[PDB]
Amino acid sequence: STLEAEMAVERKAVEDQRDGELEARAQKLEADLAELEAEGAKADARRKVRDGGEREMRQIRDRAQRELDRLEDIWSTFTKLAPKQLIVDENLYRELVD
């Protein structure tokens, strides 16, 4: 019970910060775009700015998702722990130990 409770609580650190980093980067990009559109700038420049901003947004979402699923995986493994099971990660083992 408390195990799954603490797992959920950590999922909270996963979710809030996943949303927050993306929010910050998006705010920065939108400010930079409102600045670029304030002056007279070529439309190709704005298109490339938007492309880079989408790249950054998706990259942040991926950096989140990857760790989120990794943490799901550690719990999934911990659940099915029974003797004679062979662990090969050599890092997951440390997470399970500590």
# chains A, B, ... in the order shown; residues from 1 in each chain; ligands from 1
>>> residues_around(residues="range 1-5 of chain A", least_positions_apart="3", cutoff="12 Å", atoms="only C-alpha atoms", output="list in words")
residues 8, 9, 10, 11, 12, 72, 75, 76, 78 and 79 of chain A
>>> residues_around(residues="residue 22 in chain A", least_positions_apart="3", cutoff="9 Å", atoms="only C-alpha atoms", output="mmCIF file with C-alpha atoms, in the first residue's frame")
data_model
loop_
_atom_site.group_PDB
_atom_site.id
_atom_site.type_symbol
_atom_site.label_atom_id
_atom_site.label_comp_id
_atom_site.auth_asym_id
_atom_site.auth_seq_id
_atom_site.Cartn_x
_atom_site.Cartn_y
_atom_site.Cartn_z
ATOM 1 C CA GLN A 17 7.954 19.079 -13.689
ATOM 2 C CA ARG A 18 7.219 17.559 -17.114
ATOM 3 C CA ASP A 19 4.456 20.142 -17.513
ATOM 4 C CA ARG A 25 10.269 26.813 -22.743
ATOM 5 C CA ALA A 26 6.958 27.585 -24.472
ATOM 6 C CA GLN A 27 6.646 30.923 -22.666
ATOM 7 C CA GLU A 56 12.421 22.044 -28.376
ATOM 8 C CA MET A 57 8.874 21.402 -27.134
ATOM 9 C CA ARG A 58 8.817 17.827 -28.420
ATOM 10 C CA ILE A 60 11.308 18.313 -23.628
ATOM 11 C CA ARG A 61 8.192 16.141 -23.788
#
>>> closest_residue(among="A:94, A:83, A:71, A:36", to="residue 7 in chain A", atoms="only C-alpha atoms")
A:71
>>> closest_residue(among="A:68, A:45, A:86, A:34", to="residue 14 in chain A", atoms="only C-alpha atoms")
A:68
>>> atom_distance(atom1="CA of residue 35 in chain A", atom2="CA of residue 48 in chain A")
14.6 Å
>>> select_by_dssp(residues="range 37-97 of chain A", states="helix (DSSP H, G or I)", output="ChimeraX atom specification")
/A:43-79,92-97
>>> residues_around(residues="residue 87 in chain A", least_positions_apart="4", cutoff="12 Å", atoms="only C-alpha atoms", output="list in words")
residues 74, 77, 78, 80, 81, 82, 83, 91, 92, 93, 94 and 96 of chain A
>>> closest_residue(among="A:90, A:16, A:21, A:30", to="residue 52 in chain A", atoms="only C-alpha atoms")
A:30
>>> atom_distance(atom1="CA of residue 85 in chain A", atom2="CA of residue 65 in chain A")
27.7 Å
>>> closest_residue(among="A:88, A:97, A:49, A:13", to="residue 29 in chain A", atoms="only C-alpha atoms")
A:49
